[PDB]
Amino acid sequence: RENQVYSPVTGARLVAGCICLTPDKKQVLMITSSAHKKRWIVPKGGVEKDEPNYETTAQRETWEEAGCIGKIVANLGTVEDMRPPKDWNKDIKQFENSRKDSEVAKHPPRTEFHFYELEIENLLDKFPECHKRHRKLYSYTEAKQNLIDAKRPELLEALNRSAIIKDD
Ligand SMILES: O=P(O)(O)O[C@H]1[C@@H](OP(=O)(O)O)[C@H](OP(=O)(O)O)[C@@H](OP(=O)(O)OP(=O)(O)O)[C@H](OP(=O)(O)O)[C@H]1OP(=O)(O)O
Ligand SMILES: [Mg+2]
């Protein structure tokens, strides 16, 4: 329902989420997508009209989606879902070509993500989406492949900004 907050400039849906790392920073916590059960992503969701800051949304969604509690240790800034709309692929005008490069036809972002790095302090067996999702730790190498397979490079960008150890 329309508790959802949108960018006043681009109309993009405002979403906050967490890159949750182990204290030793060797693994990130990932969740299966609701719609597609074999796609691994990170906890995130729409900011609601009442919420005073993005941190609130981020920790609310990390609890609801992954039953994960911890402390925010870093602001990882913003990334955008630049997937085109659903009008695409049956459109006549689809790509815009340069001289030494090619691009998708100009469009506003679907979603503007505000990501935070969280140090995991606890994982609980019962959480709201307990029976709707799976939730597992993954090394950088394994996490990177998950987000490529999921078709979510913007979530990988968020992950790359974190203090996760990539040398493995
Ligand atoms: O298209 P869909 O309905 O199949 O689901 C998409 C997305 O729609 P879009 O990408 O076209 O905008 C959903 O947004 P909406 O449906 O609320 O508009 C989004 O929920 P979200 O943004 O996290 O919002 P919160 O409810 O957490 O606040 C959902 O994440 P999941 O929560 O895991 O399902 C996404 O699948 P993926 O993220 O890959 O798993
Ligand atoms: Mg969500």
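Remember, it's 1-based here, ligands and their atoms both numbered in the order they're listed. Numbering of residues begins at 1 and proceeds along the displayed sequence. Side-chain atoms are counted along with the backbone in the values below, which use heavy atoms only and exclude waters and symmetry mates.
In the candidate list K44, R83, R133, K86, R133 is nearest to atom 32 (O) of ligand 1, counting heavy atoms.
Within a 4.0 Å radius of atom 13 (C) of ligand 1, the protein contributes one or more non-hydrogen atoms. Inside a 4.0 Å radius of atom 1 (O) of ligand 1 there is not any protein heavy atom.
Of all atoms in ligand 1, listed by their number and element, those nearer than 4.0 Å to a heavy atom of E65 are 27 (O), 32 (O). Less than 4.0 angstrom separates some heavy atom of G45 from each of these atoms of ligand 1: 23 (O), 24 (O), 25 (P), 27 (O), 28 (O). Proximity to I41 (heavy-atom distance under 4.0 Å) selects the following atoms of ligand 1: 33 (O), 37 (P), 38 (O), 40 (O).
Residue contacts with ligand 1, taken as heavy atom pairs separated by less than 4.0 Å, involve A35 solely via side-chain atoms from C-beta onward. By the criterion of a heavy-atom distance under 4.0 Å, the side chain of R110, and not its backbone, is placed next to ligand 1. Contacts with ligand 1 closer than 4.0 Å are made by no heavy atom of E64, backbone or side chain. No part of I31 comes within 4.0 Å of ligand 1, judged by heavy-atom distances.
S34 OG, 2.5 Å is the protein heavy atom nearest to atom 34 (O) of ligand 1. Ranking the protein heavy atoms by distance from atom 24 (O) of ligand 1 puts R13 NH1, 3.3 Å first.
Polar contact check, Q4 against ligand 1: no nitrogen or oxygen pair lies under 3.5 Å apart. Of the N or O atoms in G46, one or more lie within a sub-3.5 Å distance of an N or O in ligand 1.
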Item to complete: Report the C-alpha distance between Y54 and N75 in whole Å, list the side-chain angles of each, state the deciding distance to 0.1 Å, and finish with yes or no for side-chain hydrogen bond (donor to acceptor under 3.5 Å, both in side chains).
Response: CA-CA 10 Å; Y54 291 107; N75 179 354; over 6 Å; no
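Assignment of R152 to the shell around ligand 1 is supported, since a heavy atom sits closer than 4.0 Å. Ligand 1 has no atom lying under 4.0 Å from any heavy atom of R39.
Excluding waters, the protein N/O/S atoms found under 2.8 Å from the Mg ion (ligand 2) are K44 O, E65 OE2.
Heavy atoms of other residues, nucleotides or ligands lying less than 6.0 angstrom from NZ of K136 number 12 at most.
Judged purely by distance below 3.5 Å, without hydrogens or angles, the side chains of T57 and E51 pair a donor atom with an acceptor atom.
Formation of a donor-acceptor pair under 3.5 Å by the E64 side chain with backbone atoms of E129 is not found in this model.
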